[PDB]
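Protein chains in written order, with the entry's author numbering: chain S, 643 to 692; chain E, 1285 to 1333; chain R, 77 to 152; chain W, 1 to 292; chain B, 495 to 593; chain G, 545 to 593. Even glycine gets a Cβ: it sits at the ideal position worked out from N, Cα and C. Let me begin by presenting the structure, written as structure tokens, before commenting on it.
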Amino acid sequence: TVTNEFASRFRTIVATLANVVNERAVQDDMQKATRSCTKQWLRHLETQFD
Amino acid sequence: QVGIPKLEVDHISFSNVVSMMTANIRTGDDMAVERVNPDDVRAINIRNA
Amino acid sequence: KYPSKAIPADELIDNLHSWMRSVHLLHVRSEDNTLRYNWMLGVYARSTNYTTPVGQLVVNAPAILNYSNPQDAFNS
Amino acid sequence: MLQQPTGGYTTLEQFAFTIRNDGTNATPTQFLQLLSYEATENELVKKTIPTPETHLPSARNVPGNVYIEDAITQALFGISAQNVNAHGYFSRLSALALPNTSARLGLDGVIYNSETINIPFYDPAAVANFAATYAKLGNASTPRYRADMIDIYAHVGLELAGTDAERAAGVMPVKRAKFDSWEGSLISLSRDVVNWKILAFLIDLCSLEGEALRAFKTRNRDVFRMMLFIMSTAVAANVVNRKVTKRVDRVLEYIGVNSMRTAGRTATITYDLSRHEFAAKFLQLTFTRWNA
Amino acid sequence: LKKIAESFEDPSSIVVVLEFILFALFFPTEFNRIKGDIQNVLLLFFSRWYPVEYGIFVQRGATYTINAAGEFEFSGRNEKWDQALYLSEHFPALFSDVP
Amino acid sequence: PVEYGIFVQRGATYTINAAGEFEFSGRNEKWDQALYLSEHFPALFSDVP
Ligand SMILES: Nc1nc2c(ncn2[C@@H]2O[C@H](COP(=O)(O)OP(=O)(O)OP(=O)(O)O)[C@@H](O)[C@H]2O)c(=O)[nH]1
């Protein structure tokens, strides 16, 4: 009635991708930023997809 | 027997096979490409190659 | 500082020590007993301050310095 | 389909191998008789040739009928060939490797994807034996499978310059070849050799077995030596002429020593690095079959 | 594939990986048609982000060929994919799903 | 400079361990405020002699 397997799959996908991006070691401060911004953006994409 | 090469001897031969490229070949025509510059100058390693 | 005479042992030791305190090679300690540490690549990376591609590889993946079979340490 | 005799395809007059010389179609043996060798202080000893790799390179999906004999002969003796490993159509030989493949190797030296009318072709079993080995030319460029291109030339020297005692010994002095010579003699020699239908030789070389094989190896020793000669001139460090009282002796230094040279020269064909790797591979395989 | 030139230095470059994941979802068929060509991009991704695992993987081989009885046979040899290989026996090895 | 090299060899940042011990990075990186919610702390303020 409510849950959608497709959307929820994309949700585990972006979960994995956020774990991937989170473990990405970086040296520059700006890269450090774009990492966390990238994570927020993934959390956005999941809602568009759902 | 293999044939005698024509330049080995002094007779003139007036019918000869000439290889020729066809319409499907073309040489020296200018050619198009997609150049793609690096996203950051500071990401470009010069060495150790 | 001492053009004509031996460096007094106290100064030699204290400077050598403070400089030893200054050094820290990147590494990922592990429990495998077969493992070694690629001293050459680590000290090199450190010397270039991790700017060379090897220094990048090391600053991001220090574990790459650890190795069992000696050759693979570089193949990696 | 061409039947293969109890001897090789090489027994057929259709496949005679003959360099031009003194205005006639000379056999390779009667050219090699002209050759004479000055010894030098250096010695060649022949190391064991490494066993060729088990791998047969993929015959990539190719719609076309590859002209293979032309590719091989030009890669070995061709005056102008280069980047021979760029295209990598040598791998195509492994299409012939399979049992009951549709593909045929024509006497034309072309690898047809399917049997086609009015094109005579070698017996498929023979070609399969031949492809099981020579398809490995297709991996002459890949780093894992490259042949040594220095030590192998020792064998070349022994198989060319070497006296029967030097051959039994496995060690001969490095030699310096020479012969009475016409202008452009090595260019003309190499071009007489590019026209040779060498797949006949390689196919009999891989298919024949028993006494029938050994009887081949004696009969075609001089042919193999002519191929080796052209390669030798291709890799020789220098190729001078000598005045000898209104006669000229061409002289190459040195037999059996690859100088690794790649800059072109008028006197002889030149190997680009790709031709070196290829020729090294070819020698690896061919000498492997030749000594078994 | 309409080739990307991505080097995958910045974290944001995960975007390109995502561009493929979505494509593999919305269009699995077309994806499967171009997947070797997208493996060439992914390899630049893995060699930066996961150099150790990348070395182990590529050491196993960049491609494989299923044989008789269905076993995979990885090449053991790193080599760039070309769409010339799509009609051949070879497969991109990122998609082998062999642990 | 000397004290600096000794300090920064230890690491620009640290993380408190679940066991409570500090664990310095051993790296010299510029801090970003994205790090403020991260596990890491600036090492100047560790108060570890
Ligand atoms: N930078 C650096 N160079 C090294 C290291 N280890 C070996 N080398 C260099 O690599 C070169 C080759 O190594 P070796 O096979 O030991 O050569 P070597 O000349 O016999 O070295 P010696 O023991 O000094 O006689 C040597 O010249 C060393 O200077 C290292 O850990 N770091």
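So what does DSSP say about residue i, is it helix, strand or coil?
i, result
"B/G549", "helix"
"W/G138", "helix"
"W/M227", "helix"
"residue 19 of chain R", "Any property of residue 19 of chain R remains undetermined from this structure, which presents chain R solely from 77 to 152."
"G/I560", "strand"
"S/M672", "helix"
"W/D249", "strand"
"G/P586", "strand"
"B/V510", "helix"
"W/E38", "strand"
"W/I19", "strand"
"W/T266", "coil"
"W/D180", "strand"
"R/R112", "strand"
"W/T24", "strand"
"W/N238", "strand"
"S/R685", "helix"
"W/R275", "helix"
"R/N151", "helix"
"W/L56", "coil"
"B/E503", "coil"
"R/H103", "coil"
"W/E159", "helix"
What does DSSP give as the partner residue(s) for residue i in the beta ladder?
i, result
"W/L2", "W/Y122"
"S/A657", "DSSP lists no partner for S/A657."
"W/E43", "W/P173"
"W/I255", "W/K175"
"W/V66", "W/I111"
"W/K243", "W/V248"
"R/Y143", "R/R112"
"W/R104", "W/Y112"
"G/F566", "G/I560"
Under 8 Å Cβ to Cβ from residue i, same chain only, skipping five residues before and after it: list those, please.
i, result
"W/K175", "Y37, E38, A39, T40, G157, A161, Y254, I255, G256"
"W/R247", "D180"
"B/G570", "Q553, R554, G555"
"W/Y112", "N65, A103, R104, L105, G106, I119, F121"
Starting from the C-beta of residue i, find all residues in its chain whose C-beta is less than 6 Å away, skip the five residues before and the five after it, and write them out in chain order.
i, result
"R/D148", "none"
"R/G131", "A121, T124"
"W/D108", "none"
Nearest by alpha-carbon distance to residue i: which of the options is it?
i, options, result
"R/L133", "B/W543, B/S569, B/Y558", "B/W543"
"W/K217", "W/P124, W/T10, W/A154, W/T18", "W/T10"
"S/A649", "B/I508, B/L519, B/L536, B/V509", "B/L519"
"W/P28", "W/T51, W/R219, W/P173, W/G64", "W/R219"
"W/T288", "W/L12, W/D22, W/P52", "W/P52"
"W/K47", "W/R92, W/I150, W/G106", "W/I150"
"W/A263", "W/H87, W/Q4, W/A234, W/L96", "W/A234"
"W/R104", "W/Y89, W/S91, W/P124, W/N118", "W/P124"
"G/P545", "R/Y78, R/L88, R/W95, R/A82", "R/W95"
"R/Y113", "R/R97, R/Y143, R/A82", "R/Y143"
"W/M227", "W/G210, W/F201, W/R265, W/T6", "W/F201"
"W/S232", "W/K178, W/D204, W/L285, W/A165", "W/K178"
List the residues of chain A whose Cβ lies closer than 8 Å to the Cβ of residue i, in chain order.
i, result
"B/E583", "The structure shown contains no chain A; its protein chains are S, E, R, W, B and G."
For residue i, which residues from the same chain have a beta carbon less than 7 Å from its beta carbon, with the 5 sequence-adjacent residues on both sides left out?
i, result
"G/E583", "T559"
"W/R167", "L158"
"W/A75", "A81, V84, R275, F278"
"residue 540 of chain G", "This structure cannot settle anything about residue 540 of chain G, because the visible part of chain G is limited to 545 through 593."
"S/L684", "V656, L659, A660"
"B/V510", "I498, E500, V535"
"W/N129", "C206, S207"
"W/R60", "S91"
Would the C-beta of residue i count as close to ligand 2, meaning under 7 Å from any of its heavy atoms?
i, result
"W/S114", "This structure simply doesn't include ligand 2; it includes ligand 1 instead."
Fill in: For review: beta carbons within less than 6 Å of any heavy atom in ligand 1
Residues with a Cβ closer than 6 Å to any heavy atom of ligand 1, in chain order: R/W115, R/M116, R/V119, R/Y120.
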